[PDB]
Amino acid sequence: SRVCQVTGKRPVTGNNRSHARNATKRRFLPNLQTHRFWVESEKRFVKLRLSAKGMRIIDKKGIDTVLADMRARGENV
Amino acid sequence: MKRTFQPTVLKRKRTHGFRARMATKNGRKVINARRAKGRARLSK
Amino acid sequence: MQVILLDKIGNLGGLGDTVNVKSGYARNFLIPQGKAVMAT
RNA sequence: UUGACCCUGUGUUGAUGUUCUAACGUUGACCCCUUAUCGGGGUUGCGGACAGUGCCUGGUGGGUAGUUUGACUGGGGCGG
RNA sequence: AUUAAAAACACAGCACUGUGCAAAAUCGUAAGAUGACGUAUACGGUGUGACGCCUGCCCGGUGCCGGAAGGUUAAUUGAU
RNA sequence: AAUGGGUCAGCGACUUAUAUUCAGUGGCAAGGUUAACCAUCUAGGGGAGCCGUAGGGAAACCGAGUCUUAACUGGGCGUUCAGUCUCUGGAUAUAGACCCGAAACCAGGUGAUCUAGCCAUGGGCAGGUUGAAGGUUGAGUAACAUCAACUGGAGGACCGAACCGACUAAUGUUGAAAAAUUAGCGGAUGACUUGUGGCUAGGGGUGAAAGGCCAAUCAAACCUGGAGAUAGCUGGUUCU
RNA sequence: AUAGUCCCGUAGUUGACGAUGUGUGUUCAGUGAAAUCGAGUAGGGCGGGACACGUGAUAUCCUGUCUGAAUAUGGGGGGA
RNA sequence: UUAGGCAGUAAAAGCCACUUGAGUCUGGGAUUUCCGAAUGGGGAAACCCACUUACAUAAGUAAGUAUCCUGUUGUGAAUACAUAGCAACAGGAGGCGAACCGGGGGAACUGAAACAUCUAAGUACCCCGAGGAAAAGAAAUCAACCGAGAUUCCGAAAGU
């Protein structure tokens, strides 16, 4: 699914709102991207489907902490 | 004149049979519904 | 992204020099190849 | 290459073009999982910061949808 | 289907047009499909409708295609 | 000679809850009354609150006054009259709100055993005609080309059964039949027809295109739910 | 046929081997558990949504997108 | 527990029992075909066909054999290591159920005497996940310079 593996950001629902204030349902999708992260400890690339925010989090926390978090959540990484 | 009911057993089973109902979520919903209603016959 | 150069880079700077780089440069080149590290 | 700004030519940013590879693409090739025209991983080639996607944004948009389209009236419409 | 069998539809033939292949187009949120295990002598759309003789004038409108100079113009930016 | 009623029996239409207001009745009275809750539970506790007891002004605020205005000779409203809580009733509000009735809209399901198209695998097509290309042997040409005879067996070819269809008429129309029968009629080796099994599903499919067909239903299937939609309309509305 | 006194019951009084449930201790083995006082966080920009509150002068909350502190000398709120 | 009992329709029949093995009642054991989550594979539910291992000698019998998740053991690619993969084992799960609960999605009719903001309504419905309840909960809360002290539910304030 369109779900960030790092953050959990999934598609949320909201309204489109015209000038006439007509509300149509819409979705707000996460800016999901796929990126291969080299993980030193495991001497491998790990391809993650993550939001661009997720990448920023991996830049702050490093891949090793994030991989740990994910594996705990039962992400298959 | 050819009327609408042109039975074959196989087509009856493959469409309305138990294993057909049980295969899908919405089919199981039907079986459960009929079982709740008290229907002697759950499937055709 | 602030990074510590673990070697001399053409323009960035010398070994042990702290420099802001674009996060792509760090993420995709400098850090993967050991030319720098995150300036935590 | 060039614009702004910065000081005293200099940096700091912005375009623009070329080149590059390292993100990313690959519905090229080969290897393995593997008895597999799926998929994944590996290798390599070709591309390459383009494409593509998310958020925002202008346009277009009967493709689709919800609706509106007055009253009087010597029927009603037309006219008034 | 059950008041219309026809001059209506189709048709071979014709023409315009899209489409360079991860084709266009269509189904689908997507993956994936059809197109096609095809590749411009192909595929899709549109009209015309065997065959013969032919198919005039108008590009103002509205499409579509092309052109970009200038004018107008969104998010954005944030000078005063 | 407008509607409805064949008849009888049975059933079938102004309700209920909550709040506002008016009236009657009762209690208490410048007071009246408690709510949840507690409770040895229709008692009794419980004063939170509500109404009344003051009005004027947009308001601050003032207050038997106040507001207006710079100020009223003024002027507006008020002053000077019993309320309150039960019970019963009349209205009203919110709820299906007197009962019955749409065409429709939406959501989730069920249907391609009919029919449309397609897919795969099987089958069917009496009998009779016509005589394409091609070939052969004679000609014939420089060689072609060309000619005759024979052969050959083409075709959304011809006639015509099965089969598929449905042009006309009559019957039938409370049918033998919710589309037929009888006499004729078209196609009948094909864009044919048929069996079995697959696939496509409702703003969806499928359509040699008729808005045709998608189970005797289709300008948006059927079922269930929202749902007692809504109905400024029609009907009906029961003793003296 | 219409029952205090016919019957079954009722009031009252008794009954559980075993099996269950409950509540207490007294134990065990876990769990709570995220470790270590909270940063991609608070706040911000854009788009939405929730708060009685329809973007209004609109505080507060949530966040799809883009950003991004301070860190008790600090920070949040008290409806612009 | 005690004079009758062998279910009913439902009579017959053959029987049993009579102070306690007649029977009945309660509890707990045993047995418990096939189908069904259905789980060895398949399947037109109540059927068909297996493998493994034991046994049998004949052509049978019994047991075992799902998937996933989690963990642990082994093995174990492409490249060394390794990882993926593969296997074994253990422990879970799956289905059903009227409502209540939390969450993910989410109408329209209708009302507005038309209608689009708005309403209906975060309702109906679909989905996921519980539990005997759930959820919430121990102030980065209110208040107002006085103070209060988590959450939930009920009465008022107030149709303000």
Side-chain angles (χ1 to χ4, degrees), chain A residues 1-4 6-62 65-69 71-77, chain B residues 1-38 40-44, chain C residues 1 9-11 19-36 38 40:
Chain A
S1 281
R2 296 192 179 93
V3 182
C4 180
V6 175
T7 307
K9 277 166 176 296
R10 63 174 45 251
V12 311
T13 284
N15 289 140
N16 276 304
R17 284 281 201 191
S18 54
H19 173 90
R21 294 291 302 163
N22 314 116
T24 42
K25 301 246 64 170
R26 66 169 286 195
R27 291 215 299 165
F28 291 93
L29 302 182
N31 182 27
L32 293 186
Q33 306 293 350
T34 204
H35 188 281
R36 299 172 70 237
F37 292 90
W38 197 51
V39 47
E40 182 72 72
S41 55
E42 309 178 3
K43 290 297 299 296
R44 57 183 180 110
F45 277 102
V46 175
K47 187 189 269 73
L48 290 178
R49 189 153 181 224
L50 85 170
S51 47
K53 191 227 186 60
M55 303 235 314
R56 289 177 70 231
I57 287 170
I58 294 174
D59 297 359
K60 186 188 195 72
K61 290 179 165 163
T65 297
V66 166
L67 258 48
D69 298 6
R71 287 172 175 134
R73 288 193 270 119
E75 288 273 5
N76 180 238
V77 173
Chain B
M1 303 166 64
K2 191 183 190 186
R3 296 298 161 180
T4 52
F5 194 52
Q6 294 313 317
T8 57
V9 173
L10 183 63
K11 297 210 301 313
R12 188 199 298 163
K13 292 304 212 73
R14 285 187 177 165
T15 313
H16 310 303
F18 182 86
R19 294 183 66 61
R21 293 279 152 78
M22 286 302 301
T24 57
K25 182 196 66 70
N26 278 307
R28 289 191 299 279
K29 281 185 70 174
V30 168
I31 295 287
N32 292 340
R34 289 181 75 87
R35 200 178 294 125
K37 204 182 188 179
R41 299 152 215 66
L42 302 185
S43 262
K44 204 203 165 196
Chain C
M1 179 181 293
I9 315 300
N11 299 72
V19 265
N20 66 298
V21 298
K22 296 174 190 187
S23 319
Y25 196 18
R27 182 183 308 115
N28 298 323
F29 187 73
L30 300 167
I31 292 174
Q33 294 180 357
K35 292 193 167 62
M38 204 69 70
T40 302

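Each chain gets a letter, A, B and so on, in the order the sequences are listed, and its residues count up from 1. All heavy atoms count here, side chains included; hydrogens, waters and symmetry mates do not.
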Trainee: Scan residues 7-19 of chain A for pairs that pass side chain to side chain donor-acceptor pair (under 3.5 Å), counting only residues two or more places apart or in two chains.
Mentor: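 Every side chain to side chain donor-acceptor pair (under 3.5 Å) pair that includes a residue of residues 7-19 of chain A, provided the two are not neighbours, is A:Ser18-A:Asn22.
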Trainee: Using a cut-off of strictly less than 4.0 Å, decide whether A:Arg10 has a side-chain nitrogen or oxygen near OP1 or OP2 of G:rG64.
Mentor: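 Negative; the distance criterion is not met.
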Trainee: Distance check: side-chain N/O of A:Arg17 vs OP1/OP2 of H:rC118, anything under 4.0 Å?
Mentor: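 So the side-chain polar atoms of A:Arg17 do come within 4.0 Å of the phosphate oxygens OP1 or OP2 of H:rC118, strictly under.
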Trainee: Label E:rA24 north or south, basing it on the sign of the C1'-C2'-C3'-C4' dihedral.
Mentor: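 Torsion sign positive, so north.
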Trainee: Could you tell me whether F:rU20 is syn or anti, where syn means a glycosidic angle within 90 degrees of zero?
Mentor: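 Anti.
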Trainee: Give none if E:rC14 has no partner; otherwise give the nucleotide forming a Watson-Crick or G-U wobble pair with it, both distances under 3.5 Å.
Mentor: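 Its partner is E:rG47 (Watson-Crick or G-U wobble, both distances under 3.5 Å).
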Trainee: Can we call F:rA170 and F:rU181 a base pair, counting Watson-Crick and G-U wobble only and needing both distances under 3.5 Å?
Mentor: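 Yes, a Watson-Crick or G-U wobble pair.
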Trainee: Can you name the salt bridge (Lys or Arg N to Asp or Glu O under 4.0 Å) partners of A:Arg26, sequence neighbours left out?
Mentor: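 Per chain and number, A:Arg26 pairs via salt bridge (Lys or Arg N to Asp or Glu O under 4.0 Å) with no residue.
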Trainee: Which residues pass the side chain to side chain donor-acceptor pair (under 3.5 Å) test with A:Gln33, sequence neighbours left out?
Mentor: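 Checked A:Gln33 against side chain to side chain donor-acceptor pair (under 3.5 Å); matches are A:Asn31.
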Trainee: Are the six-membered rings on the bases of D:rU34 and D:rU35 close enough and parallel enough to be called stacked, with the limits being 5.5 Å between centres and 30° between planes?
Mentor: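 No, unstacked.
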Trainee: For RNA chain D, just give me the dot-bracket, please: Watson-Crick or G-U, both distances below 3.5 Å, ( ) intra-strand, [ ] crossing earlier pairs, | paired with another strand, . unpaired.
Mentor: (((((.(.).)))))........(((.((((((.....)))))))))........................(.......)
Trainee: Under 3.5 Å for both donor-acceptor distances, Watson-Crick or wobble: does F:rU3 have a partner, and if so which one?
Mentor: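 Pairing partner, where one exists within any strand: none, as none qualifies.
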Trainee: I need the CG-P distance between B:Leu10 and F:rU121, as an integer number of Å.
Mentor: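 Taking CG of B:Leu10 and P of F:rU121, I get 19 Å after rounding.
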Trainee: Only pairs with both distances under 3.5 Å count, Watson-Crick or wobble alike; so what is the partner of H:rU9 in this structure?
Mentor: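 Per the H-bond distance test, none.
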Trainee: If you look at every strand shown and take non-hydrogen atoms under 4.0 Å, does A:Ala23 touch a base, only sugar-phosphate, or nothing?
Mentor: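 The residue A:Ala23 makes no contact with any strand.
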Trainee: Nearest whole Å is fine: how far is H:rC35 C1' from B:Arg41 CZ?
Mentor: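 In whole Å, H:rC35 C1' lies 18 Å from B:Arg41 CZ.
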Trainee: State which of H:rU117, G:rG40, G:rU63 makes the closest approach to the side chain of A:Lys61.
Mentor: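 So the side chain of A:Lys61 is nearest to G:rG40.
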Trainee: Please give me every residue in residues 25-45 of chain A whose heavy atoms get under 4.0 Å of an atom in RNA chain G, ordered by residue number.
Mentor: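 Contacting residues: A:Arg26, A:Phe28, A:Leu29, A:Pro30, A:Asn31.
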Trainee: Can you list everything that forms a salt bridge (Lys or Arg N to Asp or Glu O under 4.0 Å) with A:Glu42? Sequence neighbours excluded, please.
Mentor: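 Once residues adjacent in sequence are excluded, the partners of A:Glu42 under the salt bridge (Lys or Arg N to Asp or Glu O under 4.0 Å) criterion are A:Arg44, A:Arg71.
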Trainee: Verify whether the stacking test passes for F:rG175 and F:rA176, with limits of 5.5 Å on the ring-centre separation and 30° on the angle between planes.
Mentor: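 Under the 5.5 Å and 30 degree rule, these bases do not stack.
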Trainee: Throw together a table of side-chain donor-acceptor distances under 3.5 angstrom for residues 50-58 of chain A, partners on residues two or more places apart or in other chains.
Mentor:
residue : atom : partner : partner atom : Å
A:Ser51 : OG   : A:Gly54 : N            : 3.2

Trainee: What are the atom names and distances for every N/O pair under 3.5 Å that joins the protein to nucleotides 53-55 of chain G?
Mentor:
none

Trainee: Looking only at atom P, what distance separates F:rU25 and F:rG45, rounded to whole Å?
Mentor: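 Approximately 31 Å lies between the P atom of F:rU25 and that of F:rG45.
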Trainee: Is the base of G:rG4 syn or anti, if syn means a glycosidic angle within 90° of 0?
Mentor: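 The base of G:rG4 is oriented anti (glycosidic angle more than 90° from 0).
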Trainee: Tell me if H:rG36 is syn or anti. Syn = glycosidic torsion within 90° of 0, anti otherwise.
Mentor: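 It is anti.
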Trainee: CD1 of A:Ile57 versus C1' of G:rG68: gap in Å, rounded?
Mentor: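 Going from CD1 in A:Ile57 over to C1' in G:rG68 covers 13 Å.
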Trainee: For a quick test of your reading: what N or O donor-acceptor pairs under 3.5 Å do the side chains of residues 9-16 of chain B make, sequence neighbours left out?
Mentor:
residue : atom : partner : partner atom : Å
B:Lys11 : NZ   : B:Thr8  : OG1          : 2.7
B:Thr15 : OG1  : B:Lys11 : O            : 2.7

Trainee: Pick the closest RNA chain G nucleotide for A:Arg56 and for A:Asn15 by heavy atoms, then say which residue is nearer the 5' end.
Mentor: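 Counting from the 5' end, the first nearest nucleotide belongs to A:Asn15.
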Trainee: To the nearest angstrom, how far is B:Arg35 atom CZ from H:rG97 atom P?
Mentor: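 Distance check: B:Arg35 CZ to H:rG97 P gives 8 Å.
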Trainee: Pairing check, F:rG152 versus F:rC87: Watson-Crick or G-U wobble, both under 3.5 Å?
Mentor: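 Check failed, no canonical or wobble pair found.
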Trainee: C:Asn28 side chain: which of G:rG40, D:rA23, H:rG36 is closest?
Mentor: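 So the side chain of C:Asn28 is nearest to D:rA23.
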Trainee: Classify the angle between the aromatic ring planes of C:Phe29 and C:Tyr25 as parallel (below 30°), tilted (30 to 60°) or perpendicular (above 60°).
Mentor: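 Taking C:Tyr25 first and then C:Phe29, their aromatic rings lie parallel (interplane angle under 30°).
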Trainee: Taking only residues two or more places apart in sequence or in another chain, which ones pass salt bridge (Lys or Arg N to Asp or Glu O under 4.0 Å) with A:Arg2?
Mentor: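 A:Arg2 satisfies salt bridge (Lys or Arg N to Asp or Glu O under 4.0 Å) with no other residue.
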Trainee: Evaluate the stacking of F:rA161 against F:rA162, requiring that the six-membered ring centres lie under 5.5 Å apart and that the ring planes differ by under 30 degrees.
Mentor: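 Stacking holds for this pair.
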Trainee: P atom, D:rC50 versus H:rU73: distance in rounded Å?
Mentor: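 These two P atoms come out 49 Å apart once rounded.
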Trainee: Given the rule that positive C1'-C2'-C3'-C4' is north and negative is south, which one is H:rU57?
Mentor: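 The sugar ring of H:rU57 falls in the south range (negative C1'-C2'-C3'-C4' torsion).
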Trainee: Can you tell me the distance, in whole Å, between the CZ atom of B:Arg19 and the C1' atom of H:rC47?
Mentor: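 Between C1' of H:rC47 and CZ of B:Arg19: 10 Å.
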Trainee: Between G:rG56 and G:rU22, is there Watson-Crick or G-U wobble pairing, both distances under 3.5 Å?
Mentor: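 Between G:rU22 and G:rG56 there is no Watson-Crick or G-U pair with both distances under 3.5 Å.
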Trainee: Counting just side-chain N and O atoms, does B:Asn32 come under 4.0 Å of either OP1 or OP2 of H:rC96?
Mentor: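 Result: yes.
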Trainee: Does the structure show a Watson-Crick or G-U wobble partner for F:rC118, both distances under 3.5 Å? Name it, or say none.
Mentor: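 For F:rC118, the partner nucleotide comes out as F:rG198, under the 3.5 Å rule.
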Trainee: Pucker class of H:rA136 from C1'-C2'-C3'-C4', north or south?
Mentor: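 A north sugar, the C1'-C2'-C3'-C4' torsion of H:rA136 being greater than zero.
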Trainee: Could you state the atom-to-atom distance from NZ of A:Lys53 to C1' of G:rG64 in whole Å?
Mentor: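 In whole Å, G:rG64 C1' lies 10 Å from A:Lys53 NZ.
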Trainee: Which residues satisfy the salt bridge (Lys or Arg N to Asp or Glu O under 4.0 Å) test with C:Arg27, sequence neighbours excluded?
Mentor: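 With neighbours one apart ignored, the set is A:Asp59.
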Trainee: With syn defined as a glycosidic angle within 90° of 0 and anti as everything else, classify H:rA59.
Mentor: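 Syn for H:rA59; the angle stays within 90° of 0.
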Trainee: Using centres closer than 5.5 angstrom and planes tilted less than 30 degrees as the test, would you call D:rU27 and D:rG28 a stacked pair?
Mentor: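 Base stacking for D:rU27 and D:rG28: not present.
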Trainee: Is the backbone N or O of A:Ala72 less than 3.5 Å from a side-chain atom of A:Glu75, with the two atoms forming a donor-acceptor pair by type?
Mentor: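 Here the side-chain-to-backbone pair does not exist.
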Trainee: Given atom CE of C:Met1 and atom P of G:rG68, what is their separation to the nearest angstrom?
Mentor: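 From C:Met1 CE to G:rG68 P: 12 Å.
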Trainee: Calculate the interatomic distance between A:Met55 atom CE and D:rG54 atom P; express it in whole Å.
Mentor: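 About 17 Å, once rounded to whole Å.
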Trainee: Across nucleotides 107-114 of chain F, 5' to 3', mark each nucleotide with B, S or - according to how protein heavy atoms within less than 4.0 Å reach it.
Mentor: --SSSSBS
Trainee: Both distances under 3.5 Å, Watson-Crick or G-U wobble: report the partner of H:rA88, or none.
Mentor: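 Base partner found: H:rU72.
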Trainee: Could you tell me if the bases of F:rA227 and F:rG226 meet the stacking criterion, namely six-membered ring centres under 5.5 Å apart and ring planes under 30° to each other?
Mentor: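 Base stacking for F:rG226 and F:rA227: confirmed.
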